[PDB]
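Okay, so we've got the same protein chain twice, two forms, each given alone as structure tokens, structure 1 and structure 2.
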Structure 1
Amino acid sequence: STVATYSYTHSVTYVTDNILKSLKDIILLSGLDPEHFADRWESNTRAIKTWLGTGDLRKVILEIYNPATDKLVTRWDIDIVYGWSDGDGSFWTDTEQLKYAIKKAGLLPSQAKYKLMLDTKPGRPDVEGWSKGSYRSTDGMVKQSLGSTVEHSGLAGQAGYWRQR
């Protein structure tokens, strides 16, 4: 039952926790209410950690929509980069990266809501409480990528946001 200081599972834990931290910061910096995100933190954690460990998680998706129209105002994708090696490489959680992009994302509508989904590889293990979902349309939108947002020894989440035109 040896526990290694540097390991894939430590890197997975770091990236899991700080992807969720980063999404919470996006919600806060966007002026939204984090309660709904709080209420599902543990279930979001269990699923993200599981599917990272098997290489099955493709993206973490946070839809931010206008409740009056149900349309996306923006969508934040955290694409997973499976470039891990050794486990003793450099790491970071670049909150300042998100604050620079969120200025460019633009003001959100009053009382905008959000929804988290997980993009997975078909052969993924089932995780209790998770079912096939649906995307809100991104027609007329393109994605802006920001670079490595959450990093630990090559395993990374790279944030991006969808915008109009």
Structure 2
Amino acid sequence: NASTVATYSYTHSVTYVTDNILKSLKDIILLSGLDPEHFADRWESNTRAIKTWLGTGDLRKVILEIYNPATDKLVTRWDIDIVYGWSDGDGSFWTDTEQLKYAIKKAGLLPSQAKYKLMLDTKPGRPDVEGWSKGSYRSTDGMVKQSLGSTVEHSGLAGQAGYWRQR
């Protein structure tokens, strides 16, 4: 019953990064005061699509739009860009989301019926994933983007986070 330092496969690094990207978005929703039920019901569906396109390397961005349904316009948006720096499974792994909390406060109060929508930005030749079809981004005009640094990494596979707020 000995444990020793593990060498991890790429699929393991993908699984780790996928689970922690969704956890950070779950924390953004919790800290924003939004209903977590919608994101929770989609947890495995979102997981499958993110792992699929991280496995092929086609996934460019994970995007959470927070919008107002009365106006259909963005209130805030949260971006996580993928960095494909995976050379081997012997690299370090970590999560860091402490700065997301302060960005949510910077973004300010949200309207009473605010909702969220998850979007995945991919290369065009991406394999099809059941249930996932072409979407369109809500307009970011009149908003400002600020990068927040890397929120997750596992052995070179990393996610760089940023967000959009109204000026």
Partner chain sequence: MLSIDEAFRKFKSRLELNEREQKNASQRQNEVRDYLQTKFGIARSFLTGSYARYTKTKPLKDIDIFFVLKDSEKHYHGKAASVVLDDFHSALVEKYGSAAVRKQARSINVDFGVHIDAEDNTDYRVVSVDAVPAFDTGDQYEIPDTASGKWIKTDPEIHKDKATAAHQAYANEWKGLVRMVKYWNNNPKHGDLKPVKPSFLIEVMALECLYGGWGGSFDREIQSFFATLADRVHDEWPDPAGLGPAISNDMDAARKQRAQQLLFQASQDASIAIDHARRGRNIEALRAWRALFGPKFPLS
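Along the sequence of structure 1, residues get numbers from 1 upward. Between two forms, the rigid core is the largest collection of C-alphas that superpose within 1.5 Å.
- Taken from the structure described as the form deposited without the partner chain is structure 2, whereas structure 1 is drawn from elsewhere.
- Fit the rigid core and compare the CA positions between the two structures: of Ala47, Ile27, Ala105, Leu62, just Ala105 moves by 2 angstroms or more.
- In the core-superposed comparison between the two structures, the CA atom of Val142 travels 2.5 Å.
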